[PDB]
Protein chains: 2
Amino acid sequence: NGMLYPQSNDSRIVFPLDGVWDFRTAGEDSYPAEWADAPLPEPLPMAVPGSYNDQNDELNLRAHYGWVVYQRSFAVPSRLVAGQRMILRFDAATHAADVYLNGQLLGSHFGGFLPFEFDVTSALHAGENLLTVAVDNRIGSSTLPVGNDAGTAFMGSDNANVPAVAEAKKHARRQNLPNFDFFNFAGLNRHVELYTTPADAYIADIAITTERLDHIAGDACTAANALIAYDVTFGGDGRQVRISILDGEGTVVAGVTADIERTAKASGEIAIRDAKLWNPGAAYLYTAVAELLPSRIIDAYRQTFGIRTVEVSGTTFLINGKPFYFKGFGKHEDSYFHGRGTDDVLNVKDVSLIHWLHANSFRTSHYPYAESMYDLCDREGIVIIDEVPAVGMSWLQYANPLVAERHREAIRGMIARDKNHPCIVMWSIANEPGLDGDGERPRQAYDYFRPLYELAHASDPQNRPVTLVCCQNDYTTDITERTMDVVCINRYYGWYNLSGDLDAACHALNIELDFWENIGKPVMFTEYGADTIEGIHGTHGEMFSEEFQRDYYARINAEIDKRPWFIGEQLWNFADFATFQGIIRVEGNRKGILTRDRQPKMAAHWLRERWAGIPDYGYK
Amino acid sequence: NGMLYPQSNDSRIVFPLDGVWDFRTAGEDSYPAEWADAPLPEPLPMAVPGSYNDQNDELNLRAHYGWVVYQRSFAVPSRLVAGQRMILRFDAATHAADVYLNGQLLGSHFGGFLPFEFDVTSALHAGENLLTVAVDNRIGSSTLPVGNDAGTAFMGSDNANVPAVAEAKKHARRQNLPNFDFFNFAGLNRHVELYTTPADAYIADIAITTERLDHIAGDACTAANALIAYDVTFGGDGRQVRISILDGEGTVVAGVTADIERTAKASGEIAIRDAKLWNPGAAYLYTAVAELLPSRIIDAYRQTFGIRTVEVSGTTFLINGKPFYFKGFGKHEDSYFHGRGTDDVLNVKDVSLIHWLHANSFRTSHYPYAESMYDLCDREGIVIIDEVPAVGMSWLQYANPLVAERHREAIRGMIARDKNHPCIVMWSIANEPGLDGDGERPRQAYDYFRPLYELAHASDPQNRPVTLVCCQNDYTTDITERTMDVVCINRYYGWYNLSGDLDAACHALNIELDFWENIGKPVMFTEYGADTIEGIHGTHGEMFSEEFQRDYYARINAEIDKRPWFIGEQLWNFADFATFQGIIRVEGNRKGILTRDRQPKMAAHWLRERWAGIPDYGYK
Ligand SMILES: CCCCCC[C@@H]1NC[C@@H](O)[C@H](O)[C@H]1C(=O)O
Ligand SMILES: CCCCCC[C@@H]1NC[C@@H](O)[C@H](O)[C@H]1C(=O)O
């Protein structure tokens with residue numbers, strides 16, 4: 001279950017397989033299996049980690065449907081592999097993959113945004129090894145994210161009443177038809193690596209939790225005493241594990257020796273005096289060092305953690321007992337050449353932009369991000385809402401057992417990967433599923449999501465609040481959203497409805513706010529905004545102008561400032577990003593307050609000035 | 001002398017040190033040395049590899065002058081380090097660096113675009129190692145690239161006659177003053193890695209040359225026989241090395257065992273029947289495998305190479321005996337977030353754009369590029385002119401011994417690194433130095449550059465032609481350029497002079513062409529173009545419009561097509577790129593035929609159509 005990021009130390013080594021691989025496109029529903037047996041014929045170059053779609057302008061890889069095949073060779077010294085457990089890890093392959101090593105099928109995986117690995121100890125040999133990876137980009141009615149098995153893409157224009165259109169449609173080239181508003185970037189989007197552990201016994205998983213804080217300082221910089229718990233899982237085979245707690249300076253401030261009891265497991269609690277707490281805008285990280293004992297050490301792992309509590313109380317969101325207010329946006333892993341490919345330079349920059357904006361948070365819309373970004377936010381004091389790729393869902397999916405299982409696969413997987421990050425304060429189990437309507441549809445939606453709500457709570461040792469991001473719907477017939485720990489709403493009053501009329505938009509908003517006032521749950525925006533082309537200006541700003549985008553946030557935020565139970569504003573979006581082409585997408589989605597190149601539109605400056613005057617704690 | 005790229009095989013392992021490091025700014029001319037002794041205080045994150053300048057929007061790192069300090073920790077299993085020679089390699093640190101390991105100064109390096117390494121075998125220890133790297137971005141009268149010690153930036157504006165301006169200047173914040181037109185991106189721009197070799201004896205360098213081709217086929221796909229030479233250098237300490245030549249399928253097609261004689265060296269020749277030649281647009285690569293013999297193998301290195309000849313004959317540039325014509329551009333390593341940071345995704349994409357454009361070549365303006373790009377061009381059949389960072393030079397530099405030595409270091413270093421790449425057909429020893437004028441100035445320039453021309457020839461075992469890229473000058477008083485193997489000229493008739501008048505530009509051009517016609521050397525463009533803002537249009541295109549850029553190349557190329565001795569068109573630039581700010585730089589240099597995001601302007605489409613109709617061989 002544990003999927004600790006591969007680590008190098010005295011017991012373990014990591015061998016990265018990133019770089020420029022060989023690459024071929026294949027078929028709509030197949031690929032040549034014999035390609036795993038020998039070097040790819042006439043291969044293209046393809047850098048990895050990265051989406052393949054924008055790495056070859058001779059081809060139209062954005063239009064590709066079906067399989068592609070990656071391949072490379074590598075060689076490692078025999079003295080490294082001797083007596084070690086050898087693991088091949090894929091941080092992400094989007095969306096599905098078959099993996100071959102030296103002609104042997106290692107296995108397969110579905111889920112484009114969570115890591116998977118294989119024990120390759122017996123599959124490796126000396127000299128050059130041949131690694132072949134087939135990647136499938138197809139989406140449909142049983143995938144997460146959800147595709148349409150027929151019809152149009154989201155927000156799609158159609159003239160079905162024309163006979164000629166209906167006929168041409170039946171013979172059109174097959175394409176992925178997303179039920180979501182971001183381009184279907186595919187391939188080896190994140191790192192690939194080989195790593196080693198000891199074979200006889202090894203650390204397989206670690207969970208650290210903040211159980212209780214005693215006497216938190218007025219500024220919440222410290223607690224007189226903090227009780228943390230550990231749970232270490234072992235694989236392999238009077239054994240013990242040593243656990244050392246390191247402060248920010250590397251000074252061991254606590255240490256205990258725990259018994260391993262059989263799924264070998266060691267667990268217990270540790271008290272930390274005058275513990276330094278993790279807060280938004282004021283991060284502090286400790287290291288839990290686990291060392292498996294035989295002065296020699298058998299195995300070791302260093303796990304970063306932060307000491308903080310998260311608790312919903314009434315209409316407040318408490319971090320270290322203080323009333324928090326979210327300032328931020330939904331993001332995307334999206335950039336030009338890389339597509340959805342992970343880029344830590346850009347991740348480092350984006351975190352700096354978040355500070356520049358005086359935001360304090362974001363949501364991983366609409367999929368778990370690369371692991372390195374969570375590490376980055378841990379040390380930079382940025383709060384995260386962590387979200388599974390359950391986007392584009394409706395009643396057709398709720399009746400499908402395969403979807404329910406893939407959805408459970410996403411939640412346990414996300415939480416298994418991300419549980420130790422202090423920056424994560426809440427889980428999101430879906431973005432904009434169908435929740436409303438008449439007859440049995442509301443109850444059907446409820447019955448699908450409630451056990452996923454329970455699963456998220458049961459899976460997280462820290463027991464963080466769980467939410468579901470609600471689309472702009474009939475909130476009076478939706479019976480699911482109001483049962484979440486925090487009500488997270490996506491609203492586009494004045495853009496997709498009452499278009500351009502900000503008075504009417506605010507009037508409509510206030511009517512729904514009057515509704516949520518009575519539900520008595522904490523409420524925040526997770527999306528709102530307006531497409532904006534930088535350089536379009538007006539004295540009286542109309543839709544798509546920079547001025548209108550500024551006016552939009554100015555009018556809307558003035559209304560939510562009047563509601564004490566409204567605990568956060570996360571807009572849409574951080575930056576412009578790529579989408580499937582269509583009549584409402586001007587080179588993608590232009591609702592970013594920054595351009596795709598991370599340059600600030602007028603609204604960004606206005607939001608920066610606003611957020612500078614709003615404290616992380618005690619605003620409401 | 002040798003700088004083989006680190007390789008993993010049964011005798012060798014590479015441990016990458018890339019990732020998110022710790023980072024602090026320091027002083028204009030110092031940094032706290034005690035930072036090497038302990039973790040950096042309050043560090044920022046900084047991705048490696050990448051320029052640091054665009055990775056933090058809270059700071060103005062583009063305006064930073066002086067030192068910065070990088071730091072990270074790392075640990076490797078003791079059993080892997082055991083008995084091995086341990087090498088720490090920096091692919092590039094721009095511009096100068098002091099490197100510390102565990103508080104010990106390892107040494108320093110000047111030169112921002114070439115790799116350097118340290119033997120750290122004795123500095124390493126078990127557990128966490130602390131790696132601290134100080135990087136100096138400062139440029140001046142003694143650096144390559146050349147900076148100004150006072151005054152303005154390249155094409156910088158001033159009103160020196162105003163007393164108020166003169167005074168304020170003396171109190172202005174100190175800044176790097178480049179004598180070049182690209183932004184001074186700095187930091188750990190390329191990869192950092194630790195690698196191992198055998199300690200007792202190891203391969204230190206490998207050089208492969210194509211000595212002679214016998215009976216080349218009409219299409220130059222093959223030669224009846226190819227005579228290649230190898231030269232292997234060893235370090236450490238009747239010993240022998242086995243050399244196997246692998247074809248594109250991995251089949252050993254030739255093999256010899258050579259004796260090692262002590263400066264341990266093995267050298268000889270190998271005849272290959274029906275050898276497959278490397279050509280532009282039709283690459284073929286062999287592998288030279290060298291194995292140090294004790295059936296066991298001591299050490300091994302696999303060196304890719306290609307079999308082709310390059311010869312300047314009269315006014316022709318012969319590759320495998322056929323008259324080649326350059327189609328291409330000067331490039332830059334430049335992109336939005338990475339700066340000058342290497343990005344293999346972008347390199348793969350750019351290589352595809354070159355094919356899309358039907359170009360066949362480019363120049364590494366104005367510095368050696370990342371090693372991976374040459375590997376990429378080796379397999380994709382793109383020809384390269386390789387250039388050292390000798391840009392911004394004038395008479396003030398020719399009299400400076402430190403500059404002369406740094407210039408020699410770069411020339412020997414570039415060639416030592418890049419000698420084995422078949423894609424490289426020519427060396428460039430400077431871009432736009434001062435060469436013309438009255439008095440002793442022309443002779444002084446000649447006396448400075450002539451021994452560098454000789455050095456490039458002496459350093460290169462393949463003995464490729466050598467050039468110097470000449471600025472738009474008084475070609476009648478210039479006595480240096482005409483002595484190069486190929487005349488490479490940068491001309492901006494109709495842009496920087498005779499502005500907008502294309503009839504007059506072509507008239508002036510033809511006049512300089514009449515001059516070069518008599519010199520009787522082969523001549524090519526290495527720069528020509530016009531700043532162009534995408535989206536600016538006109539029915540009668542004026543400067544900065546997409547139409548003017550198209551008209552510009554159409555009129556100019558029509559004139560050079562009339563000259564049989566004119567053997568190439570490399571324009572400026574491949575893509576828009578970042579510069580120091582100024583009144584002629586609209587968000588950088590806009591002479592790209594592509595935008596900075598790699599999108600094609602009107603001129604790119606026109607050039608694509610023209611180049612599609614121009615063959616690699618026999619156009620002239
Ligand atoms: C009001 C009707 C529904 C609005 C839908 C708004 C959409 N939500 C989910 C995001 O992934 C989309 O990018 C966003 C949008 O189109 O910008
Ligand atoms: C006509 C004399 C001046 C020509 C100077 C042209 C310059 N050459 C070298 C390149 O690095 C510059 O970017 C280019 C330019 O400014 O775009």
Side-chain angles (χ1 to χ4, degrees), chain A residues 145 153-155 178-183 329-332 334 363 365-367 387 389 391-392 430-434 469-473 489-499 505 508 526-532 571-574 576-580 582 584-585 588-592, chain B residues 145 153-155 178-183 329-332 334 363 365-367 387 389 391-392 430-433 469-474 489-499 505 508 526-532 571-574 576-580 582 584-585 588-592:
Chain A
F154 62 95
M155 300 283 208
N179 212 34
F180 52 87
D181 182 40
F182 58 92
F183 181 80
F329 23 65
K331 276 181 113 295
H332 261 297
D334 169 281
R363 171 173 59 111
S365 34
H366 295 297
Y367 41 82
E387 186 171 278
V391 52
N431 182 77
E432 300 183 337
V469 173
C470 187
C471 74
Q472 178 132 41
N473 62 8
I489 56 173
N490 292 1
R491 298 296 183 266
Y492 289 84
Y493 293 114
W495 183 261
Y496 287 123
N497 62 66
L498 306 169
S499 296
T526 31
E527 292 185 18
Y528 60 130
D531 288 80
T532 304
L571 58 86
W572 195 250
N573 187 277
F574 177 74
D576 301 340
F577 61 91
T579 64
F580 281 79
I584 68 163
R585 292 290 171 256
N589 188 304
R590 304 301 284 276
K591 289 191 185 68
Chain B
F154 201 28
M155 292 175 180
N179 212 33
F180 50 87
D181 186 42
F182 58 91
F183 182 81
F329 23 68
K331 275 182 112 295
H332 261 296
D334 169 281
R363 171 175 60 110
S365 34
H366 296 298
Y367 41 81
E387 186 173 279
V391 51
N431 183 78
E432 299 184 338
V469 174
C470 188
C471 75
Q472 177 132 40
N473 60 8
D474 187 355
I489 56 174
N490 292 0
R491 298 296 182 265
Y492 289 85
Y493 293 112
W495 183 260
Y496 286 124
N497 61 66
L498 307 169
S499 296
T526 31
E527 291 185 16
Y528 60 128
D531 288 80
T532 303
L571 56 85
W572 195 250
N573 187 279
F574 177 74
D576 300 340
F577 61 88
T579 66
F580 193 97
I584 65 164
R585 293 291 171 257
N589 188 303
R590 304 301 284 277
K591 290 192 185 69

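We name chains A, B, ... by the order of the sequence lines, and we start the count at 1 in each one. Start at 1 and go down the list; that is how both ligands and their atoms are numbered. These numbers come from the heavy atoms of this one structure, side chains and all, not from hydrogens, waters or symmetry mates.
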Verify, without hydrogens or angle tests, whether B/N573 (side chain) and B/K591 (backbone) share a donor-acceptor contact under 3.5 angstrom. no

I need the [X] [atom1] to [Y] [atom2] distance, nearest 0.5 Å.
X	Y	atom1	atom2	value
B/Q472	B/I489	CD	CD1	8.5 Å
A/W572	A/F329	CH2	CZ	12.0 Å
B/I584	B/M155	CD1	CE	5.0 Å

Polar contact flag, side-chain donor to acceptor under 3.5 angstrom, A/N589-A/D181: yes

Can you check whether B/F182 and B/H332 have ring centres sitting under 6.0 Å from each other? yes

Heavy-atom cut-off of under 4.0 Å around ligand 1: list whichever protein residues fall inside it, by chain and number. A/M155, A/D181, A/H366, A/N431, A/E432, A/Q472, A/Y492, A/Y496, A/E527, A/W572, A/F577, A/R585, A/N589, A/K591

